[PDB]
Amino acid sequence: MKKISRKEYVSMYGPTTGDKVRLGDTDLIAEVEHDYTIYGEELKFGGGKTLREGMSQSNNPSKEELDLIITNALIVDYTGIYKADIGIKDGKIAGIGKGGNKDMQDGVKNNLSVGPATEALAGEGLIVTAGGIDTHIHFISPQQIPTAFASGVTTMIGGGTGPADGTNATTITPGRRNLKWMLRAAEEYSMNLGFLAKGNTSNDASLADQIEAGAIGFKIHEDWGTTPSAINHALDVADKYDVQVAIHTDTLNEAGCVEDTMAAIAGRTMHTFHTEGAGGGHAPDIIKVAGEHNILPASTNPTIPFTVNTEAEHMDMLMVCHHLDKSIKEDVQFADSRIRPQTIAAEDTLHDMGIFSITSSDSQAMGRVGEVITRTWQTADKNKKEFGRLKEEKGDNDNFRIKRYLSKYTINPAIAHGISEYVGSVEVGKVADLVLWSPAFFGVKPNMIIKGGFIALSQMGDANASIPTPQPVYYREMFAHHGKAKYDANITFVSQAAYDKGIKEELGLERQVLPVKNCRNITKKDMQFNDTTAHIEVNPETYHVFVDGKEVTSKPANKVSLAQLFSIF
Amino acid sequence: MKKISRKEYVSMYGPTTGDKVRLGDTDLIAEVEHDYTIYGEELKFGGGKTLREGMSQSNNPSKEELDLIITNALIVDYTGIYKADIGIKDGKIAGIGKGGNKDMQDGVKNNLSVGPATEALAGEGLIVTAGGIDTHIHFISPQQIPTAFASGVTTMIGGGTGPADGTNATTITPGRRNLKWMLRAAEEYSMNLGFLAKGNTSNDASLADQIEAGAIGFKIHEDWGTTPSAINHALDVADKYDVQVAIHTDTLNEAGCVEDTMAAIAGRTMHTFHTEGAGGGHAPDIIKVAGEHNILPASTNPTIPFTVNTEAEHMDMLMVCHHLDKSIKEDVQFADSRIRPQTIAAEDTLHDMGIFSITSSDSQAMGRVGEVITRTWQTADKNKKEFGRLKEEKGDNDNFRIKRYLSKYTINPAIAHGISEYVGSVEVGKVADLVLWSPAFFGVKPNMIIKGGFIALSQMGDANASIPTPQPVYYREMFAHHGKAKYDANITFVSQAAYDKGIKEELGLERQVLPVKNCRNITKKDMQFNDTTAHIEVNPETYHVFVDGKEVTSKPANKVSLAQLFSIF
Amino acid sequence: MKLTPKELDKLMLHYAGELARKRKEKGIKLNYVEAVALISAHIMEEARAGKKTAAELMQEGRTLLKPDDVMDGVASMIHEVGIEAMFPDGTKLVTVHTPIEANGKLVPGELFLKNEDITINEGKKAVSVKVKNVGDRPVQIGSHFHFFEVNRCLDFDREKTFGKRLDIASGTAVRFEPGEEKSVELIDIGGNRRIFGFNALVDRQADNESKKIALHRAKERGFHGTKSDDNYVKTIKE
Amino acid sequence: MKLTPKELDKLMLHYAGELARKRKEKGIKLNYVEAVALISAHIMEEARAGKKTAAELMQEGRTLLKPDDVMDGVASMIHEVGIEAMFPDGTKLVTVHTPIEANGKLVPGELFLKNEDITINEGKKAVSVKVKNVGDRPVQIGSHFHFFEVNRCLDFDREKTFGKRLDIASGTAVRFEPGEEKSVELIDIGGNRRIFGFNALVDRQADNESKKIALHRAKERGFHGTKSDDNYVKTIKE
Ligand code: NI
Ligand code: NI
Ligand code: NI
Ligand code: NI
């Protein structure tokens with residue numbers, strides 16, 4: 001029995017229970033809630049340290065011996081913020097807890113046994129979160145995938161065939177042959193992938209064929225015609241096949257207004273993209289659907305957080321993508337009904353209130369694929385600066401707000417697209433898609449990505465250097481990124497129907513192929529920490545937003561965190 | 001929001017948090033520690049009740065829909081004493097918790113979803129424990145298996161070939177051909193089965209062949225010659241094959257005394273049968289090994305609890321099985337050195353102290369196969385009557401003592417024989433071997449046995465009666481006991497080596513075949529609630545037993561609970 | 001440094017712009033690539049300095065290059081330079097429209113058009129219908145939408161518009177501001193006249209028999225300007 | 001030129017540092033990436049010049065950036081800049097430690113610690129043993145080594161140390177200089193107390209019976225401070 005000062009203990013093994021750590025350069029403070037360690041029995045790797053033959057590596061290991069163990073990791077998950085060791089076996093998370101050798105240490109369970117087959121990854125002073133999930137990908141260029149990978153995203157869900165004009169507008173992979181093209185192209189990449197089909201048709205047979213061809217759901221986009229008939233048919237087929245539907249509603253109100261669209265949805269599960277409407281949607285009041293029980297409301301990162309440069313940038317961006325002219329009054333009228341700084345301001349507060357549940361990209365289609373996580377944490381920081389600490393906090397920390405915002409890109413999109421049994425959280429039994437963060441760089445620049453239980457990307461110095469640290473340091477592909485190893489580390493998500501028909505063997509796919517499930521029986525109440533339903537009213541004239549009778553707004557930010565301190569460009 | 005009196009609430013749904021229930025006719029009091037239910041959302045089956053289409057059975061179930069759910073069950077396990085719903089899917093325990101329909105109820109997770117494919121089993125006012133595990137079976141007659149089944153035992157581990165004299169003495173199935181005989185006979189029965197080979201040889205090849213032929217371990221019995229050479233060889237082979245060794249030591253001290261046997265064991269894992277020594281063992285001091293770290297000490301039920309009739313009964317039983325004569329002084333000297341009421345008295349207290357960790361039978365070989373659980377709870381009741389409530393209790397209950405004694409026949413034998421990943425406890429992921437008890441009959445006569453997730457045995461009235469309750473009521477085979485259903489509900493445990501060589505396909509076995517694992521790296525510290533190591537001294541003259549310098553003894557009981565109140569014979 | 005792929009791309013772009021600026025200093029007339037890169041690099045550096053807003057940079061990108069600084073033909077090839085830069089408040093897109101003015105005669109891809117007009121929808125007779133938006137939200141209708149099934153808030157004589165679309169250029173639209181009233185031209189829909197979708201008001205062959213079903217469905221669903229006679233007689237399939 | 005991948009990476013790094021230096025000249029406060037790159041590029045150029053030694057460059061890397069030259073928070077994020085440069089005598093690693101001093105209050109990843117101490121190995125009683133290194137070489141012992149089986153040149157009462165380890169922080173060590181004598185604290189090894197390896201002195205369950213075997217083996221193999229009684233009685237398995 002010896003006494004150790006908290007300072008040297010934290011320097012050796014990381015923060016322990018009751019300690020607090022700042023996240024990046026923000027004002028969000030994370031407090032360690034619990035510790036799974038036995039004081040005096042910590043796992044350390046190095047010369048003369050504990051992780052050695054006969055001390056912490058067992059000479060008589062259990063049969064569930066780990067392949068990889070992450071020691072002294074601070075886990076930031078929606079299930080809690082705590083210290084533990086993470087054990088990885090066969091691409092899954094095998095255990096969370098103490099970890100070590102049962103011959104020489106007390107509290108070691110068989111699923112956390114370190115033996116001669118175990119690799120050691122030091123996590124002391126580091127944060128472990130689940131890999132991010134981006135559910136609004138326009139597959140416009142393959143170069144988006146490495147960019148999203150380097151920011152902490154491990155699953156991309158969306159649609160497209162490339163730089164075609166249909167893809168530049170829509171997240172749609174249309175038809176069986178184009179699905180086959182994209183599924184065979186997917187074998188290249190270090191990313192979990194799933195593809196959305198075209199929902200914009202009234203032909204049930206055409207809808208069903210795309211699902212059986214491997215798509216995990218439908219996208220309904222106004223550029224292919226978002227009409228109530230197509231919405232109704234697509235929802236009927238999706239209910240028969242248990243796949244998700246995403247919608248980009250009619251901004252022009254051509255076939256009807258927002259209530260007509262809700263009537264076409266008819267109380268069935270729907271995932272709405274850019275619900276605030278700058279990215280498209282019933283002008284000016286698409287944002288009202290974010291209070292409905294059957295809606296899963298997502299936002300795209302270009303509108304968060306609301307800043308002084310946001311409105312002019314979005315205006316000019318809209319004038320370019322739609323080829324509008326400033327000398328035409330009708331184009332101006334369309335643009336003014338579309339941007340609405342009022343709804344953009346309201347969107348940040350709705351994220352703080354838990355009304356919006358998912359953050360996404362809309363990549364290279366008015367969105368930045370490498371900035372979903374960064375803009376989510378910028379929004380959290382701005383909201384804490386404006387509204388102060390949340391009232392659901394328990395202690396001098398921001399743990400509740402941290403969980404609320406972390407769910408927006410990890411667990412809620414996974415639940416929304418029926419993959420939350422594989423990815424989305426640091427839980428035992430799930431796929432080992434993990435991101436290592438140093439707290440000083442949290443939310444902007446990760447340390448390394450573990451994909452399928454193996455290291456796939458990391459910061460790395462020059463190959464000729466005597467150690468891995470010296471400059472230049474940038475993100476480089478690791479061994480799970482190469483050869484036949486990438487087939488074991490990566491998943492292609494398909495529908496249950498396509499999986500049952502042997503889509504993997506028919507198309508000769510070497511990646512893991514998994515079916516999505518539980519997409520039709522979820523509501524807004526199934527989103528973690530973002531399950532607030534409310535009556536949202538939008539003023540047709542002033543465009544003001546009222547939630548439960550009270551006006552909701554935020555003020556723009558002239559400076560954000562996690563932006564110019566961390567990037568050269 | 002309505003108020004419900006505790007009395008009517010408990011009458012409708014069973015005891016809730018803070019309530020206490022007497023176990024059988026004993027003095028042991030169990031307190032419900034926690035409740036997983038939402039008050040007002042309980043699952044009830046019947047006319048006009050909740051478990052109906054659209055209310056608690058989902059019309060849009062998750063894909064992990066349960067096959068069977070047990071509602072409002074009081075779980076008594078080593079992991080705790082609490083109220084929950086148990087969901088069974090595909091022969092495993094799929095979930096423990098709330099259970100119900102997510103469309104109409106708040107706290108329902110996907111693994112506890114009740115849908116149209118779910119069968120309902122009411123457990124309100126009932127106790128659920130894991131099936132018992134008996135690890136000292138002499139396979140002398142097949143009729144032992146139904147007898148142990150009706151008492152709450154779901155796994156029998158032992159050896160034998162039938163009423164042969166070698167089996168009447170030893171739990172040994174000797175050799176590949178006899179193993180094949182017993183493995184093919186096992187296809188008949190509703191019981192998990194595993195067989196021990198002959199360890200009494202110095203030939204390593206002969207030892208290895210038996211393990212590769214399907215045995216899960218060795219028995220070393222003095223009737224085949226318990227010599228240090230055979231012990232050493234058997235332990236070496238067992239360490240190479242990861243199987244357990246059980247030992248019945250030399251009562252005659254022919255090749256050496258108890259310390260010579262411990263020297264032959266050489267600090268390796270060993271499971272000792274009838275460690276107190278009435279069933280055999282170094283006279284008079286075999287009981288001292290119960291304090292060693294590498295020993296897993298078990299007791300047989302004929303010596304517990306110690307009663308006024310115990311000594312004379314054991315004396316006369318010994319005179320019969322060994323064909324001794326009262327007119328021969330050497331036979332008397334052997335008998336007196338063997339029985340030792342001192343060690344028998346000490347054995348009960350050692351069970352109370354956690355020194356002894358496993359209770360077993362020694363069936364039809366001085367032991368009663370249908371009385372392991374009953375005599376365990378009789379010993380617990382006697383110890384509470386004599387020594388009062390344990391000092392490790394937290395509250396006006398006996399929860400700690402209940403867990404300590406329940407571990408002796410559920411989880412500790414499973415850990416000892418490397419099957420604790422399949423059976424031994426009510427935990428998610430484990431095999432659904434469950435026993436339903438009404439608290440008035442707890443520990444002596446169960447309600448029904450669930451085997452492999454299906455009902456295999458239950459109390460039942462006459463087949464021609466209008467309801468299942470009327471007389472005569474006795475234990476009858478249910479549907480999991482018959483046809484090809486019994487092959488899905490039952491496991492034959494084999495060694496990892498035999499499993500890898502396709503023992504199932506070679507012998508044409510239709511039962512599930514599973515390998516034992518993690519047998520060599522466990523010590524006395526791996527026993528739940530029974531991990532007390534101590535220096536045990538036995539007086540060579542007075543046969544008194546001292547633990548850590550203090551004399552340990554118990555007084556005999558002239559009357560026990562759970563005996564004449566419950567049985568006609 | 002933990003450089004991302006985006007940072008490497010932007011560093012390459014910055015040094016392309018640096019090369020362009022050096023060549024401009026030497027007196028070389030810049031080509032297309034050099035002009036584009038110079039504008040982009042200037043915008044990125046200005047955004048890094050953090051003293052100007054994105055709109056200021058959109059206006060400033062047009063003063064970097066005078067027409068005499070580039071080669072003949074360059075100005076007509078650069079319609080718009082877009083560049084994403086990181087300001088103190090995060091990443092914003094800055095687009096400079098027509099940064100350089102044309103001074104020469106060289107136009108790559110120059111279009112030489114006949115001065116004759118194009119006659120669209122030839123052989124189609126156009127009727128005129130007066131439409132008013134009685135709702136409080138703007139409504140925009142495309143050229144090939146079945147005008148019978150437009151937003152129910154628009155009020156007009158729907159019976160006269162069955163099987164018709166707007167007689168405007170393909171891919172254009174007509175806007176209706178809240179309270180706005182104007183007349184539009186409608187031509188008959190061509191081809192097989194099989195109308196599926198749009199509000200599920202027809203979902204069959206367009207003809208006089210199906211116009212009655214459509215009118216009845218429209219009236220039941222509250223589409224303004226729909227006058228289908230009462231005592232409607234249902235058919236076996238509706 | 002026959003450029004290698006290393007040469008391409010270093011050229012990119014040099015121009016990142018050049019951009020950083022240009023921005024510093026313009027008066028912009030440098031961020032993390034710019035500061036790191038500027039230090040690295042300066043070291044590479046100095047090593048190319050060949051007039052300074054690597055140690056001189058390690059000291060010189062700390063004077064390039066004053067605290068006022070970087071953004072708030074930058075100094076606390078740059079613990080050490082390592083860069084491999086080619087000197088006239090070949091490639092050497094130059095690392096600059098804490099190149100910039102902190103001047104603001106912003107600390108990314110700042111740790112807010114409770115002021116309470118941590119009690120390690122709670123419930124374990126520690127004995128004290130005096131140890132002397134009679135060898136001529138240094139010996140260092142980690143926290144979880146079985147102290148009974150340390151280097152045979154260390155002399156101490158081995159019998160009292162059986163089944164024990166050092167009662168120090170996990171992953172730390174105690175050093176013994178040649179001829180050094182000091183006392184250490186030993187606690188009992190936890191868990192199952194199954195000691196395998198370390199000198200093959202136990203390789204079984206730790207207890208009193210195996211302590212005699214271990215003492216005899218240690219004496220036969222010349223471990224100092226081992227006093228196992230003569231007339232040793234062997235067991236059947238040794
Ligand atoms: Ni969209
Ligand atoms: Ni989009
Ligand atoms: Ni026996
Ligand atoms: Ni026996």
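One-based numbering, in listed order, for ligands and for the atoms of each. Residue numbering restarts at 1 for every chain, and letters A, B, ... go by the order of the sequence lines. Excluded from the calculations below are hydrogen atoms, water molecules and symmetry mates; all remaining heavy atoms, backbone and side chain alike, are included.
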Quiz item: What's the OD1-the Ni ion (ligand 2)-NE2 angle here (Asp362(A), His138(A)), rounded to 10 degrees?
Solution: 80°
Looking at [Y] and [X], is any side-chain nitrogen of the basic one under 4.0 Å from a carboxylate oxygen of the acidic one?
X         : Y         : answer
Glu259(A) : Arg137(C) : yes
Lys6(C)   : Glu84(C)  : no
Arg375(B) : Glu347(B) : no

Quiz item: Can you tell me the angle formed at the Ni ion (ligand 1) by ND1 of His248(A) and NE2 of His274(A), to 10°?
Solution: 100°
Quiz item: Is the distance from the Ni ion (ligand 2) to some N, O or S atom of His136(A) under 2.8 Å?
Solution: yes
Practice problem: Please round to the nearest 0.5 Å and tell me the distance separating atom CZ of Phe493(A) and atom CD1 of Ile157(A). | Solution: 6.5 Å
